[PDB]
There are 2 protein chains.
Amino acid sequence: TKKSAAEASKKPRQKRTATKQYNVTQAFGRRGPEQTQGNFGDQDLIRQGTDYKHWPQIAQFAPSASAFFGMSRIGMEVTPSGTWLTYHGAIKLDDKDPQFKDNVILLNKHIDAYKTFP
Amino acid sequence: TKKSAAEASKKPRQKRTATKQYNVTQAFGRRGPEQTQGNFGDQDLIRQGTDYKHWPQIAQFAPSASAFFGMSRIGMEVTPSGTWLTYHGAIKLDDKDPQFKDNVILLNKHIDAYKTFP
């Protein structure tokens with residue numbers, strides 16, 4: 001088995017994209033009870049990466065860099081290991097669309113994914 | 001009295017873009033005690049928003065939606081008041097580029113500038 005398969009190559013972490021022939025868990029993180037593991041990723045996502053259904057349904061409403069560098073609690077330190085930036089905040093979901101509940105349930109399945117995983 | 005009819009027109013839901021004729025604080029939040037109202041900011045940014053000197057240097061290393069949604073501790077409750085998205089995560093800057101050193105200073109301007117506002 002492998003645990004650090006991501007170390008075999010070098011990819012842009014900002015533009016990271018998992019593919020149907022690459023381990024999604026290696027690209028981003030593995031499900032677990034900690035934020036550093038990955039609090040989002042259903043058992044269907046891990047099977048195909050970007051070839052997974054509904055993936056673009058999340059990407060459509062996604063926020064641009066403006067709020068990310070606007071109210072997301074921008075704070076970093078310049079350490080010898082390199083800079084470490086953090087982001088904290090909240091946003092209201094797209095309540096005006098007829099697909100609002102579908103988006104809420106879709107997203108919730110990935111969050112509470114580890115709750116139904118073996 | 002409400003009268004606000006502008007909201008009937010289609011404005012960017014999560015693609016907030018503040019222009020020279022607009023107020024960055026109205027698009028994000030008003031710099032104050034709450035974390036979510038964007039306590040950080042530069043008084044020269046509020047002048048023009050997207051027309052601010054160095055504006056594209058921030059977005060040049062912004063995480064794509066694929067990175068923004070996964071290892072970011074995404075959690076939201078389905079409340080009557082709406083669904084409230086929250087997040088907590090870290091990012092590594094584009095420390096493999098020569099402009100990184102300039103970006104560090106530029107980004108930090110807004111992080112300390114708020115404390116020097118009148």
# chains A, B, ... in the order shown; residues from 1 in each chain; ligands from 1
>>> residues_around(residues="residue A:106", least_positions_apart="6", cutoff="10 Å", atoms="only C-alpha atoms", output="list in words")
residues 42, 54, 55, 57, 58 and 100 of chain A
>>> calpha_fit_and_write(fixed="chain A", moving="chain B", output="mmCIF file with C-alpha atoms, in the first residue's frame")
data_model
loop_
_atom_site.group_PDB
_atom_site.id
_atom_site.type_symbol
_atom_site.label_atom_id
_atom_site.label_comp_id
_atom_site.auth_asym_id
_atom_site.auth_seq_id
_atom_site.Cartn_x
_atom_site.Cartn_y
_atom_site.Cartn_z
ATOM 1 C CA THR B 1 12.882 4.222 2.151
ATOM 2 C CA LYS B 2 11.473 7.225 0.222
ATOM 3 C CA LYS B 3 11.677 6.414 -3.569
ATOM 4 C CA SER B 4 8.788 8.881 -4.249
ATOM 5 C CA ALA B 5 9.914 10.492 -7.541
ATOM 6 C CA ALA B 6 6.406 11.434 -8.807
ATOM 7 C CA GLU B 7 6.665 14.684 -6.803
ATOM 8 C CA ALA B 8 9.510 15.830 -9.109
ATOM 9 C CA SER B 9 6.826 16.295 -11.835
ATOM 10 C CA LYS B 10 4.627 19.433 -11.773
ATOM 11 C CA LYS B 11 1.338 18.697 -9.973
ATOM 12 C CA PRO B 12 -1.234 21.388 -9.103
ATOM 13 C CA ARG B 13 0.011 23.171 -5.954
ATOM 14 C CA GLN B 14 -3.390 24.631 -4.829
ATOM 15 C CA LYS B 15 -5.558 23.535 -7.871
ATOM 16 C CA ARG B 16 -6.102 20.001 -6.435
ATOM 17 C CA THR B 17 -8.154 17.909 -8.935
ATOM 18 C CA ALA B 18 -8.920 14.257 -7.987
ATOM 19 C CA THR B 19 -9.659 11.977 -11.020
ATOM 20 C CA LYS B 20 -11.261 8.469 -11.382
ATOM 21 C CA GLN B 21 -7.794 6.805 -11.286
ATOM 22 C CA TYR B 22 -6.916 8.768 -8.070
ATOM 23 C CA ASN B 23 -8.161 8.883 -4.438
ATOM 24 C CA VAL B 24 -9.965 12.066 -3.302
ATOM 25 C CA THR B 25 -8.602 11.449 0.249
ATOM 26 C CA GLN B 26 -4.996 11.569 -1.050
ATOM 27 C CA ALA B 27 -5.675 14.939 -2.790
ATOM 28 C CA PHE B 28 -7.509 16.523 0.203
ATOM 29 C CA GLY B 29 -6.832 14.558 3.434
ATOM 30 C CA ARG B 30 -7.973 11.292 5.087
ATOM 31 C CA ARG B 31 -11.405 11.622 6.779
ATOM 32 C CA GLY B 32 -10.693 11.234 10.531
ATOM 33 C CA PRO B 33 -10.472 13.238 13.810
ATOM 34 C CA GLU B 34 -8.558 16.281 12.429
ATOM 35 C CA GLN B 35 -10.607 19.120 10.895
ATOM 36 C CA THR B 36 -7.891 19.796 8.230
ATOM 37 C CA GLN B 37 -7.931 16.170 6.958
ATOM 38 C CA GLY B 38 -11.476 16.641 5.515
ATOM 39 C CA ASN B 39 -13.704 14.837 8.022
ATOM 40 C CA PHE B 40 -16.731 15.379 5.710
ATOM 41 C CA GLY B 41 -17.237 13.455 2.416
ATOM 42 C CA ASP B 42 -19.572 11.059 0.490
ATOM 43 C CA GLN B 43 -18.404 7.484 -0.244
ATOM 44 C CA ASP B 44 -19.731 7.938 -3.836
ATOM 45 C CA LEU B 45 -17.439 11.000 -4.320
ATOM 46 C CA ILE B 46 -14.252 9.080 -3.376
ATOM 47 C CA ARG B 47 -15.207 6.747 -6.304
ATOM 48 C CA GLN B 48 -14.397 9.265 -9.112
ATOM 49 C CA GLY B 49 -13.716 12.779 -7.654
ATOM 50 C CA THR B 50 -14.187 15.266 -10.569
ATOM 51 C CA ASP B 51 -16.415 12.680 -12.413
ATOM 52 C CA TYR B 52 -18.917 12.453 -9.443
ATOM 53 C CA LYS B 53 -22.628 12.934 -10.334
ATOM 54 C CA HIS B 54 -23.487 16.639 -9.710
ATOM 55 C CA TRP B 55 -19.761 17.718 -9.340
ATOM 56 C CA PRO B 56 -20.124 21.096 -11.250
ATOM 57 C CA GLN B 57 -23.105 22.146 -9.008
ATOM 58 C CA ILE B 58 -20.682 22.767 -6.100
ATOM 59 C CA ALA B 59 -18.186 24.954 -7.989
ATOM 60 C CA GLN B 60 -21.045 27.000 -9.622
ATOM 61 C CA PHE B 61 -21.320 29.266 -6.512
ATOM 62 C CA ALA B 62 -17.692 29.046 -5.241
ATOM 63 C CA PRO B 63 -16.247 32.450 -4.085
ATOM 64 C CA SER B 64 -13.628 33.836 -6.499
ATOM 65 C CA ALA B 65 -10.088 34.579 -5.118
ATOM 66 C CA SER B 66 -11.179 38.241 -4.837
ATOM 67 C CA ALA B 67 -13.830 37.171 -2.253
ATOM 68 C CA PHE B 68 -11.784 34.278 -0.722
ATOM 69 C CA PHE B 69 -8.954 36.692 0.257
ATOM 70 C CA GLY B 70 -10.185 39.731 2.265
ATOM 71 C CA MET B 71 -12.997 39.186 4.853
ATOM 72 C CA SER B 72 -11.771 35.558 5.503
ATOM 73 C CA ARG B 73 -9.577 36.241 8.654
ATOM 74 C CA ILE B 74 -6.303 35.503 6.863
ATOM 75 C CA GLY B 75 -3.370 35.060 9.277
ATOM 76 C CA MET B 76 -0.071 33.164 8.825
ATOM 77 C CA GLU B 77 3.175 33.076 10.863
ATOM 78 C CA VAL B 78 6.615 32.867 9.208
ATOM 79 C CA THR B 79 7.965 29.728 10.940
ATOM 80 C CA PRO B 80 11.062 27.596 10.101
ATOM 81 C CA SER B 81 8.673 24.706 9.215
ATOM 82 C CA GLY B 82 7.044 26.994 6.581
ATOM 83 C CA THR B 83 4.324 29.671 6.484
ATOM 84 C CA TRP B 84 0.930 28.284 7.682
ATOM 85 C CA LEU B 85 -2.163 30.041 6.247
ATOM 86 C CA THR B 86 -5.371 29.885 8.373
ATOM 87 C CA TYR B 87 -8.906 31.283 7.713
ATOM 88 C CA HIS B 88 -12.340 31.813 9.359
ATOM 89 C CA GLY B 89 -15.386 33.250 7.501
ATOM 90 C CA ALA B 90 -19.012 32.816 6.326
ATOM 91 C CA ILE B 91 -20.683 32.630 2.842
ATOM 92 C CA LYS B 92 -24.263 32.973 1.504
ATOM 93 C CA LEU B 93 -25.280 30.237 -0.998
ATOM 94 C CA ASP B 94 -26.697 31.001 -4.512
ATOM 95 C CA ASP B 95 -30.191 31.225 -2.934
ATOM 96 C CA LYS B 96 -31.420 33.406 -5.878
ATOM 97 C CA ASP B 97 -31.464 30.351 -8.258
ATOM 98 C CA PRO B 98 -34.071 27.524 -8.495
ATOM 99 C CA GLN B 99 -31.343 24.831 -8.220
ATOM 100 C CA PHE B 100 -30.369 26.228 -4.759
ATOM 101 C CA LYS B 101 -32.821 23.854 -3.007
ATOM 102 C CA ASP B 102 -31.243 20.853 -4.782
ATOM 103 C CA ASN B 103 -27.706 22.121 -4.053
ATOM 104 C CA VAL B 104 -28.598 22.405 -0.311
ATOM 105 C CA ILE B 105 -29.465 18.661 -0.197
ATOM 106 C CA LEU B 106 -26.507 17.662 -2.437
ATOM 107 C CA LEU B 107 -23.927 19.606 -0.375
ATOM 108 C CA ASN B 108 -25.357 18.314 2.942
ATOM 109 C CA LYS B 109 -24.966 14.685 1.683
ATOM 110 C CA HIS B 110 -21.188 14.808 2.326
ATOM 111 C CA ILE B 111 -21.658 16.619 5.666
ATOM 112 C CA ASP B 112 -23.735 13.759 7.192
ATOM 113 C CA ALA B 113 -22.470 10.881 4.970
ATOM 114 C CA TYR B 114 -19.157 10.733 6.891
ATOM 115 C CA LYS B 115 -21.061 9.710 10.080
ATOM 116 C CA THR B 116 -22.727 6.808 8.202
ATOM 117 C CA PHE B 117 -19.433 5.500 6.662
ATOM 118 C CA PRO B 118 -18.574 1.943 7.886
#
>>> select_by_dssp(residues="chain B", states="strand (DSSP E or B)", output="MDAnalysis selection string")
chainID B and resid 75:79 82:91
>>> decode(residues="stretch 3-83 of chain A", atoms="C-alpha atoms", output="PDB file, in the first residue's frame")
ATOM      1  CA  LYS A   3       0.528   6.582   2.335  1.00  0.00           C
ATOM      2  CA  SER A   4       2.590   9.462   0.826  1.00  0.00           C
ATOM      3  CA  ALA A   5       2.048   8.689  -2.904  1.00  0.00           C
ATOM      4  CA  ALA A   6       1.649  12.468  -3.476  1.00  0.00           C
ATOM      5  CA  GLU A   7       5.411  12.857  -2.664  1.00  0.00           C
ATOM      6  CA  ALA A   8       6.272  10.917  -5.877  1.00  0.00           C
ATOM      7  CA  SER A   9       5.514  14.092  -7.959  1.00  0.00           C
ATOM      8  CA  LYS A  10       5.142  17.908  -7.647  1.00  0.00           C
ATOM      9  CA  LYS A  11       1.829  19.668  -8.492  1.00  0.00           C
ATOM     10  CA  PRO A  12       0.339  23.147  -7.921  1.00  0.00           C
ATOM     11  CA  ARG A  13      -1.552  22.866  -4.600  1.00  0.00           C
ATOM     12  CA  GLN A  14      -3.682  25.929  -5.532  1.00  0.00           C
ATOM     13  CA  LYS A  15      -4.795  24.267  -8.832  1.00  0.00           C
ATOM     14  CA  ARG A  16      -4.884  20.729  -7.374  1.00  0.00           C
ATOM     15  CA  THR A  17      -7.312  18.496  -9.293  1.00  0.00           C
ATOM     16  CA  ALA A  18      -7.763  14.759  -8.610  1.00  0.00           C
ATOM     17  CA  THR A  19      -8.399  12.522 -11.654  1.00  0.00           C
ATOM     18  CA  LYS A  20     -10.149   9.127 -12.134  1.00  0.00           C
ATOM     19  CA  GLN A  21      -6.686   7.458 -12.300  1.00  0.00           C
ATOM     20  CA  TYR A  22      -5.185   9.308  -9.264  1.00  0.00           C
ATOM     21  CA  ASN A  23      -5.980   8.941  -5.544  1.00  0.00           C
ATOM     22  CA  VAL A  24      -8.266  11.837  -4.527  1.00  0.00           C
ATOM     23  CA  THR A  25      -7.181  11.169  -0.913  1.00  0.00           C
ATOM     24  CA  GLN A  26      -3.527  11.800  -1.915  1.00  0.00           C
ATOM     25  CA  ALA A  27      -4.334  14.991  -3.883  1.00  0.00           C
ATOM     26  CA  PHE A  28      -6.354  16.673  -1.076  1.00  0.00           C
ATOM     27  CA  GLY A  29      -6.913  14.619   2.109  1.00  0.00           C
ATOM     28  CA  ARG A  30      -8.445  11.407   3.542  1.00  0.00           C
ATOM     29  CA  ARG A  31     -11.725  11.471   5.476  1.00  0.00           C
ATOM     30  CA  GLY A  32     -11.269  11.607   9.270  1.00  0.00           C
ATOM     31  CA  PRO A  33     -12.544  13.345  12.469  1.00  0.00           C
ATOM     32  CA  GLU A  34     -10.060  16.294  12.061  1.00  0.00           C
ATOM     33  CA  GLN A  35      -9.977  19.325   9.720  1.00  0.00           C
ATOM     34  CA  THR A  36      -6.438  18.395   8.629  1.00  0.00           C
ATOM     35  CA  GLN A  37      -7.735  14.999   7.358  1.00  0.00           C
ATOM     36  CA  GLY A  38     -10.726  16.201   5.260  1.00  0.00           C
ATOM     37  CA  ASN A  39     -14.283  16.957   6.531  1.00  0.00           C
ATOM     38  CA  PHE A  40     -15.731  16.633   2.946  1.00  0.00           C
ATOM     39  CA  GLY A  41     -15.555  13.870   0.286  1.00  0.00           C
ATOM     40  CA  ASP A  42     -18.200  11.150  -0.316  1.00  0.00           C
ATOM     41  CA  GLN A  43     -17.348   7.573  -1.395  1.00  0.00           C
ATOM     42  CA  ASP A  44     -18.347   8.391  -5.040  1.00  0.00           C
ATOM     43  CA  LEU A  45     -15.889  11.337  -5.309  1.00  0.00           C
ATOM     44  CA  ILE A  46     -12.903   9.177  -4.287  1.00  0.00           C
ATOM     45  CA  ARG A  47     -13.817   6.740  -7.135  1.00  0.00           C
ATOM     46  CA  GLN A  48     -13.497   9.223 -10.066  1.00  0.00           C
ATOM     47  CA  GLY A  49     -12.005  12.564  -8.865  1.00  0.00           C
ATOM     48  CA  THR A  50     -13.191  15.199 -11.398  1.00  0.00           C
ATOM     49  CA  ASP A  51     -15.038  12.562 -13.556  1.00  0.00           C
ATOM     50  CA  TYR A  52     -17.564  12.340 -10.629  1.00  0.00           C
ATOM     51  CA  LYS A  53     -21.182  13.515 -11.189  1.00  0.00           C
ATOM     52  CA  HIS A  54     -22.378  16.790  -9.579  1.00  0.00           C
ATOM     53  CA  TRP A  55     -18.732  18.032  -9.013  1.00  0.00           C
ATOM     54  CA  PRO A  56     -19.394  21.206 -11.178  1.00  0.00           C
ATOM     55  CA  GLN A  57     -22.637  21.841  -9.150  1.00  0.00           C
ATOM     56  CA  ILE A  58     -20.356  22.839  -6.208  1.00  0.00           C
ATOM     57  CA  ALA A  59     -17.893  24.808  -8.400  1.00  0.00           C
ATOM     58  CA  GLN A  60     -20.664  27.075  -9.883  1.00  0.00           C
ATOM     59  CA  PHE A  61     -21.578  28.947  -6.657  1.00  0.00           C
ATOM     60  CA  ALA A  62     -17.933  28.943  -5.388  1.00  0.00           C
ATOM     61  CA  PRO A  63     -16.570  32.319  -4.127  1.00  0.00           C
ATOM     62  CA  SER A  64     -13.908  34.279  -6.015  1.00  0.00           C
ATOM     63  CA  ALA A  65     -10.575  35.470  -4.525  1.00  0.00           C
ATOM     64  CA  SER A  66     -12.263  38.769  -3.476  1.00  0.00           C
ATOM     65  CA  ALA A  67     -13.956  37.429  -0.278  1.00  0.00           C
ATOM     66  CA  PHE A  68     -11.012  35.051   0.307  1.00  0.00           C
ATOM     67  CA  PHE A  69      -8.819  38.182   0.599  1.00  0.00           C
ATOM     68  CA  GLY A  70     -11.609  40.428   1.996  1.00  0.00           C
ATOM     69  CA  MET A  71     -13.297  38.980   5.135  1.00  0.00           C
ATOM     70  CA  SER A  72     -11.894  35.412   5.453  1.00  0.00           C
ATOM     71  CA  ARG A  73      -9.611  36.430   8.450  1.00  0.00           C
ATOM     72  CA  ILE A  74      -6.379  37.019   6.542  1.00  0.00           C
ATOM     73  CA  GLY A  75      -3.342  36.362   8.779  1.00  0.00           C
ATOM     74  CA  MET A  76       0.050  34.709   8.112  1.00  0.00           C
ATOM     75  CA  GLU A  77       3.561  34.334   9.568  1.00  0.00           C
ATOM     76  CA  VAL A  78       6.897  34.321   7.681  1.00  0.00           C
ATOM     77  CA  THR A  79       8.597  31.193   9.033  1.00  0.00           C
ATOM     78  CA  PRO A  80      11.902  29.688   7.751  1.00  0.00           C
ATOM     79  CA  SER A  81       9.830  26.654   6.548  1.00  0.00           C
ATOM     80  CA  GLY A  82       7.918  29.161   4.311  1.00  0.00           C
ATOM     81  CA  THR A  83       4.837  31.355   4.893  1.00  0.00           C
TER      82      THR A  83
END
